[PDB]
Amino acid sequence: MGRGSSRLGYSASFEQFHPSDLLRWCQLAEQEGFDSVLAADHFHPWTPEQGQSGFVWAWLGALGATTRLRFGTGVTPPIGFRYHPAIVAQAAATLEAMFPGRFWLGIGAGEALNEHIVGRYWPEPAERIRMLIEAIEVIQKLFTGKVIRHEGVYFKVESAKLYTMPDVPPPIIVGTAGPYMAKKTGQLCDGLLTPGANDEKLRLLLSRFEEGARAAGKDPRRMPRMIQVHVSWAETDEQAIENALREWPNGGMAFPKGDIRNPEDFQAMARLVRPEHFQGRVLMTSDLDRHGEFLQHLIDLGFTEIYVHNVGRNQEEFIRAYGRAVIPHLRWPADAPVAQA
């Protein structure tokens, strides 16, 4: 079962788990055949019941120094609320310098849950895309390793340079579910990361990313196409359903969530969520064959990397279960591109 080596991605949910636990689980995931970690960049969890939000950048240093996994932010908003783009560039450059060939910088337009804390105007999605495109320009200038200046609508950078660089900069991955930003990702950056969705919408995002890259003279067959999915595995279908309902009610909220400020808001909205609202959106089953079929389908659509978030608190059992029953049976095309320098 597979032309290429066995591999899979593990989603580290900072929303839900203490960072000490996540470190231990990633070390275990490595042992069990996972090859890469996607790590959320939150300040707040969605709900109090999830109850965590570690500073990912400190944690990534620990992961880098204790595993040989690849790893990335999924995703950092470098648009000047929590984080100035110049600093994100330095962080990315430092991590890749220390852990060459292992880091990938995942960026996106952000959500108010996290960015509202600094008490600034929150622009509409389209405008935040414009801010993201400018941030990408800044990160890329800094990645050249020369002294650079920048003056655009949203950011001003005085004479700045990254003195600590890797020989080759880390790839910039854009996390987006928007067709416009997908095109811009292919045009401006190295790879795409998208959440799970129906086939039609995934195929549109891949398509836009590809035509953006070609339009800019790049070869999209050598550019990574990554997906993050939310699943619930447990010992029975019953515990799998309840796990999703209690731990990840935001997974049943089929509506835009980027304007909602507080965990307490999501928690109140969660009172509406029912098991039906998860179909198509979060796979809830104990049947590990069905997990494998779900994942294989995504590979077949043309994703070259998959990052899996189990929503239950049964993270250790989940990692071992996927290691034995799922990861070995996934067929990856050989020499598929992966987020790496």
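Residue indices: 1-based, along the sequence shown.
Colleague: Report the stretch with the higher mean CA temperature factor, choosing between 300-308 and 272-280 on the basis of the entry.
Modeller: Here the higher of the two C-alpha B-factor means belongs to 272-280.
Colleague: Which wins on mean Cα temperature factor, 234-242 or 149-157?
Modeller: Higher of the two, by average CA B-factor, is 234-242.
Colleague: Tell me which of 84, 116, 201, 128 tops the list for C-alpha B factor in the record.
Modeller: Top of the list by C-alpha B-factor: 201.
Colleague: Once the chain's modelled residues are ordered by C-alpha B factor and cut into thirds, is residue 167 in the lowest, middle or highest one?
Modeller: According to the entry, residue 167 has a C-alpha B-factor in the chain's highest third.
Colleague: Sorting the chain's modelled residues by C-alpha B-factor, tell me whether residue 222 ends up in the lowest, middle or highest third.
Modeller: It falls in the top third of the chain.
Colleague: Comparing against every modelled residue in the chain, figure out the third that the C-alpha B-factor of residue 255 lands in (lowest, middle or highest).
Modeller: Tercile = highest for this residue's CA B-factor.
Colleague: Ordered by C-alpha B-factor within the chain, which third holds residue 291? Give me lowest, middle or highest, please.
Modeller: Its C-alpha B-factor belongs to the middle third of this chain's values.
Colleague: Using the B-factor values recorded in the entry, state whether the Cα atom of residue 215 falls in the lowest, middle or highest third among the modelled residues of its chain.
Modeller: Its C-alpha B-factor, which the entry lists for residue 215, ranks in the highest third among residues of this chain.
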